[PDB]
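All remarks here apply to the structure that follows.
A note on names: the letters A, B, ... follow the listed sequences, proteins ahead of strands, and every chain is numbered from 1. Just so you know, these numbers use all the heavy atoms, side chains as well, and skip hydrogens, waters and symmetry mates.
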Amino acid sequence: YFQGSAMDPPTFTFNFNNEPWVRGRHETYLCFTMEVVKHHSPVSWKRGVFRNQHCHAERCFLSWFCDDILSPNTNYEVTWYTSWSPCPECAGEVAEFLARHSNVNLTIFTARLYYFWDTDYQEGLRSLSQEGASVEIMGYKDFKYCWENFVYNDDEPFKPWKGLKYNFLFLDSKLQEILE
DNA sequence: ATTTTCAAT
Ligand SMILES: C[As](C)(=O)[O-]
Ligand SMILES: [Zn+2]
C-alpha cells in the first residue's frame, strides 16, 4: 500500500524547507503518487517515499517501478514531490526512461532547485521537460498534500513556514528562466 | 486564538 517509510514531522519540516540556498540537506526525499489505469480494471493507486541509496532516489524509483510495477496495456500517471531537483545523470536517466516508456506520464514538483546556477544542472532540467515531464516548484498546496500523505502527521494540520510563498516565487522565476 | 504561505522603507 505504502512503498518505503513515511517521514516523522521534524524530518519533513527540515527536508522540505524551501529557502533557495539551505545548508545541511544531504538527503533527497522523493515522495510519489501514481494512478494505475488499465482498460478493463478499476483504476488503482500507489504512494510512497524513496531516499538516496540505482543509488540516487530518482534511480531507486525507476528501478523499483521497472522491477515491480510496469505492465502491458497500462497507463501510469506519476507525480513526484522531491526535496531537491535531479542531478544531470539522474535527469538523463529519467528522460531516457520516459522516451522508452510512452505509457508513463511524469509530473515533478520540487521543493528546491539543486545547483540551479550551474549550466550542467540547467540542461538536466531542460532535457526532462523536453521528454514530456512537467517540472514545477512546490507551492503551499503541494507541501500541504505531502504533509497529509507522506508524513506521520498524527492528524495535525500542515503548518506553513515564514517565507514559503516568497521562496516559491523566487524558485519558480529561476525555473522558468531555465526552461525558457 | 481572527490557528503559523502574505501583512512589506
Ligand atoms: C537530487 As539527487 C543528488 O538524489 O539526483
Ligand atoms: Zn542524481
Side-chain angles (χ1 to χ4, degrees), chain A residues 1-35 45-52 56-58 60-61 76-88 90-91 94 98 105-119 121-180:
Chain A
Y1 184 57
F2 194 94
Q3 185 65 34
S5 292
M7 278 162 292
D8 56 61
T11 303
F12 170 83
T13 298
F14 184 78
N15 278 281
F16 282 78
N17 185 269
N18 71 345
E19 229 98 57
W21 302 274
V22 292
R23 315 201 69 252
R25 275 67 172 177
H26 299 280
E27 185 64 83
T28 295
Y29 281 84
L30 194 166
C31 309
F32 75 93
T33 63
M34 156 182 46
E35 186 172 32
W45 295 85
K46 293 179 140 53
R47 73 226 304 127
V49 174
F50 283 92
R51 293 187 301 161
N52 294 331
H56 288 174
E58 302 91 318
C60 297
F61 179 94
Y76 303 88
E77 301 299 321
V78 182
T79 308
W80 292 355
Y81 300 92
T82 60
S83 63
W84 282 119
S85 64
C87 78
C90 281
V94 182
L98 291 174
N105 194 62
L106 181 60
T107 300
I108 304 168
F109 287 101
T110 191
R112 295 186 305 276
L113 297 174
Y114 192 59
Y115 285 112
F116 63 81
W117 58 93
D118 183 306
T119 74
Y121 289 70
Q122 296 175 3
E123 251 307 316
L125 296 177
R126 290 171 66 81
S127 81
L128 279 175
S129 185
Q130 287 160 1
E131 293 299 326
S134 58
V135 182
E136 293 180 71
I137 308 302
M138 291 174 71
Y140 173 85
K141 73 167 175 62
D142 312 300
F143 295 114
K144 176 152 131 63
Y145 181 93
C146 284
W147 175 264
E148 288 164 356
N149 288 281
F150 307 109
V151 177
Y152 292 111
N153 55 57
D154 207 0
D155 305 302
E156 299 298 343
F158 174 57
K159 321 297 177 327
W161 47 89
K162 181 184 179 65
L164 190 158
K165 186 160 55 173
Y166 280 139
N167 293 343
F168 167 84
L169 294 166
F170 177 85
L171 293 167
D172 189 43
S173 182
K174 283 296 167 184
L175 185 59
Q176 299 327 316
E177 290 181 347
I178 288 161
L179 295 182
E180 189 191 324

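No contact: A:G139 has no heavy atom under 4.0 Å from any strand. As judged by a 4.0 angstrom heavy-atom cut-off over every strand, A:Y166 is placed among the base-contacting residues.
In this structure, the CD atom of A:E156 is 13 Å from the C1' atom of B:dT4, given to the nearest Å. Atom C1' of nucleotide B:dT4 and atom CH2 of A:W147 are separated by 12 Å, given to the nearest angstrom. At whole-Å resolution of the value, NZ in A:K162 and P in B:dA8 are 8 Å apart. The distance from atom NZ of A:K165 to atom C1' of B:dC6 is 4 Å, rounded to the nearest whole Å. Residue A:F143 contributes atom CZ, which lies 16 Å from atom P of B:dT4 at whole-angstrom precision. Rounded to a whole Å, the CZ atom of A:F158 is 10 Å from the P atom of B:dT5. Atom NZ in A:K144 sits roughly 14 Å away from atom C1' in B:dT4 (whole-Å rounding). To the nearest angstrom, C1' of B:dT4 lies 9 Å from OH of A:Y140.
Between A:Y114 and A:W117, a ring centre-to-centre spacing not shorter than 6.0 Å is recorded.
If you run ring-ring contact (aromatic ring centres under 6.0 Å, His included) between A:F32 and each of A:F150, A:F109, A:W45, A:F50, only A:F50 comes through. Applying the ring-ring contact (aromatic ring centres under 6.0 Å, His included) test between A:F143 and each of A:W161, A:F168, A:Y81 identifies A:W161 as the sole match.
Between the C1' atoms of B:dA7 and B:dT2, the separation comes to 14 Å (whole Å).
Other residues, nucleotides and ligands contribute more than 12 heavy atoms inside 6.0 Å of the CZ atom of A:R47.
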